[PDB]
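Let's start with one chain on its own, the form deposited in one PDB entry, as structure tokens.
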């Protein structure tokens, strides 16, 4: 876990500006844009204005960190988690000046992935496991992870493992789109788009407004509307079916765990305080910024119907070499779905289905906007006619929510 730590603290140094708070509420002095730095600054003023005096003790032994933290975080009243965090590592070194709590958040965000609690699949990716019910108390563990995550946001602390963009979208209660499903289940997504596009009453297919899932062998059949199991998907109603199926796929097998996480979060940091962030900003707020190395990225990128020498590839690397780091990370999220980089850099980039390098493919014509497939870390780049056209389209597309 040591290599992850060095990279962890280094993100704390790159990201210091993220701890700045607005001074007054009255605005800059005079000498649509997303306004991230200012939303972050106003969020910190909000938490800081809502901090409570004194502290809560958190007393952990390293060899037993998760269970001890679970016990002690769960027994504190939720709003007592807005006092100062004071963490002691039992019989070890000195006192918490803030530094041991940074350690604690780092170690906790990793210790939660330990297989013996069965909460998550399999790393820095948290995907809730449907079979988490194996653990009879998994609902109370998810509350704790909800409280633990809010505490980090409240206290301006980072964690080294995060959820996926569509998950943070439900956490900000944004309407999930079918393009989001592509990011979570491409086969399910292909079949939804197939149904939408082709005649079902001439394929002879027969589907019903009901869907089923299999968890540790036990199959359970959920109805998408009243009577849906007897209702036939026809040419007339297949748009509704696609809608309810998209919604249902985002939390399949994990509805209960997700409510236990959200409610635990909401008790510490009301979800409303986040309403103006988007899911990419929320993701960065939890794990920090890092500098994005352009050289490693460029030599581990792969092209479909483009080359090193296509003029749009040249323009793309010129766009990247000349934008700020905050823009490079946001393009990283557009294309890969995360701001995080694997330990081994871009040569080790991974897709949902095994290894997959950052990929740029030529599709369509000059009038199209850029599209992403985050599951295959593939950027669909139209053959634009000029650098300025490329810059403006790529900029509009990484910024679009």
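Numbering follows the first chain given and starts at 1. Between two forms, the rigid core is the largest collection of C-alphas that superpose within 1.5 Å.
Not pictured, yet referred to below: the form deposited in another entry.
- Relative to the superposed rigid core, residue 380 undergoes a CA displacement smaller than 2 Å between the shown form and the other one.
- Superposition on the rigid core between the shown form and the other one places the CA atom of residue 18 2 Å or more away from its counterpart.
- Whereas the displayed form keeps them at a certain spacing, the CA atoms of residue 14 and residue 271 lie at least 3 angstroms closer in that other deposited form.
- Shown here is a form in which the CA atoms of residue 18 and residue 148 lie at least 3 Å closer together than they do in that other deposited form.
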